[PDB]
Amino acid sequence: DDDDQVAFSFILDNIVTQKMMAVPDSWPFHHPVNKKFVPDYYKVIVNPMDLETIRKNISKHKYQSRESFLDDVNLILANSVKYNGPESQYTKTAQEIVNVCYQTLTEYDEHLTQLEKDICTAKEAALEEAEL
Amino acid sequence: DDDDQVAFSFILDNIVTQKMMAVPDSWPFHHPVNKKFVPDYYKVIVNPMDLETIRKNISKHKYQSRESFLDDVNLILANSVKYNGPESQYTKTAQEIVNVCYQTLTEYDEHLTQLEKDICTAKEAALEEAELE
Amino acid sequence: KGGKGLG
Ligand SMILES: [Ca+2]
């Protein structure tokens with residue numbers, strides 16, 4: 001009984017591809033940084049994140065709720081603030097990616113609340129099932 | 001559109017998507033440089049080029065010959081040699097994209113040579129027909 | 001950014 005998890009991950013993936021990846025000229029945020037091209041990136045950045053990585057995570061059902069998803073989305077902006085600086089144009093694009101994600105989650109807020117509750121309830125019925 | 005140009009452009013698009021775009025770490029070459037990220041770039045580089053631009057050109061049948069297609073492919077490399085330097089990792093990637101292109105063209109040589117011929121002949125033929133009416 | 005513009 002993972003129907004609600006599948007449906008939740010389907011919505012997040014579509015926010016990523018239809019909303020966040022569609023921010024204009026945002027290509028550099030769609031792939032991990034490769035140290036061959038930015039050899040100093042990983043002197044500064046501990047935990048890299050990008051939108052292709054988030055898509056992989058969603059395909060594996062990493063996120064059971066908005067909070068864990070948003071940790072990864074917000075990491076993309078935090079890394080650009082640190083590496084590029086708060087007023088860099090890269091940061092200005094990362095802030096548009098974060099803002100279109102929050103905006104979209106707020107549109108779907110009551111449905112996502114309901115899926116999040118049903119993910120927890122399915123898990124519980126299974127743990128009670130398993131526990132005994 | 002005309003059958004031979006449609007066929008020639010179909011092959012060129014397969015070379016760009018099947019081969020050139022599949023070069024590892026080739027993604028920075030897949031779209032135009034963002035002038036906001038790289039403000040210098042459009043000041044220095046007189047003729048920007050990228051694989052999305054080449055695909056749109058293919059879709060608009062810009063290229064009637066392998067030579068015009070290669071002119072744009074080669075510009076991707078020349079621009080990286082100039083902006084990034086000839087030994088830079090960006091340039092090594094660009095060279096890989098150029099190399100797979102030339103290798104793949106050699107594979108469709110027979111067909112492409114004929115299609116090129118057929119498109120040239122048809123153009124002169126339409127002008128000759130218009131003269132004779 | 002990084003190696004870009006080095007030429
Ligand atoms: Ca600011």
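What's counted below: heavy atoms across the whole structure, side chains too, no hydrogens, waters or symmetry copies. Naming convention: chains lettered A, B, ... in sequence-line order (proteins, then strands); numbering from 1 in each chain.
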Handout entry: Whether A:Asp25 side chain and B:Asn34 backbone form a donor-acceptor pair below 3.5 Å
Key = no
Problem - Residues, nucleotides or ligands: over 12 heavy atoms within 6.0 Å of B:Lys36 NZ - result: no
Exercise for the section: Count the heavy atoms belonging to other residues, nucleotides or ligands that lie under 6.0 Å from OH of A:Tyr42, then report whether that count exceeds 12. Expected result: yes
Practice task
Determine whether more than 12 heavy atoms belonging to other residues, nucleotides or ligands lie under 6.0 Å from atom CD of B:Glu124.
Solution key: yes
Exercise for the section: Could you tell me the separation between the CH2 atom of A:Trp27 and the CZ atom of B:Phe37, rounded to the nearest 0.5 Å? Expected result: 11.5 Å
Completion exercise
When the 4.5 angstrom heavy-atom criterion is applied to A:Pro39 and chain B, the contacting part is neither
Handout entry: Contacting region of A:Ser88 [heavy-atom separation from chain B under 4.5 Å]
Key = neither
Practice task
Step through the shown structure and confirm whether more than 12 heavy atoms of other residues, nucleotides or ligands are within 6.0 Å of NE2 on A:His61.
Solution key: yes
Handout entry: Greater than 12 external heavy atoms within 6.0 Å of B:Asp109's CG
Key = yes
Handout entry: Region of B:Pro32 that comes under 4.5 Å of a non-hydrogen atom in chain A
Key = neither
Fill in the blank from the handout: Scored by heavy-atom pairs under 4.5 Å with chain A, the best of B:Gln89, B:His30, B:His31 is B:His31
